[PDB]
Amino acid sequence: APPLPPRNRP
Amino acid sequence: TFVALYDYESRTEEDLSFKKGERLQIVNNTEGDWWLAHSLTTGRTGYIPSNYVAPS
C-alpha cells in the first residue's frame, strides 16, 4: 500500500 | 465519486475506515491530501488518504 500523505495543515 | 483501491484502517478519531471496493463521495477535498469523504457503502463520514482511492 502507498505511504500515507502528511496530515493536512491549517 | 471514488472507489477505494486498498483497505484503510482509521488512525485517528476523525478518519473513515473503509474496504477496497467501497464507493465514496467527497464532502470536502480543499484542505490537503486528506479528504473528507462519505461512504456510499457504509454511510460513515471521515477523512481518507486521497492516494488510496480512484475516481469512478
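When we count neighbours, we look across all protein chains shown, and the Cβ atoms used for this are built from the backbone with ideal geometry, even at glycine. Bear in mind these aren't lab numbers, they're just calculated from the coordinates by the rules spelled out.
Some notes on this structure:
- The chymotrypsin sites (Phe, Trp or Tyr not before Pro) of chain B that DSSP puts in a loop, and whose beta carbon has at most 14 other beta carbons within 10 Å, are B:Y6.
- The GluC sites (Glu not before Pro) of chain B meeting both criteria, a DSSP state outside H, G, I, E and B (loop) and at most 10 other C-beta atoms within 10 angstrom of the site's C-beta, are B:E9, B:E13.
- For chain B: rounded, prolate or oblate by the Cα gyration tensor [a/c cutoff 1.5]: rounded
- Applying a DSSP loop filter and a limit of 15 other Cβ atoms within 10 Å to the trypsin sites (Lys or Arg not before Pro) in chain B leaves B:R11, B:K19, B:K20, B:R44.
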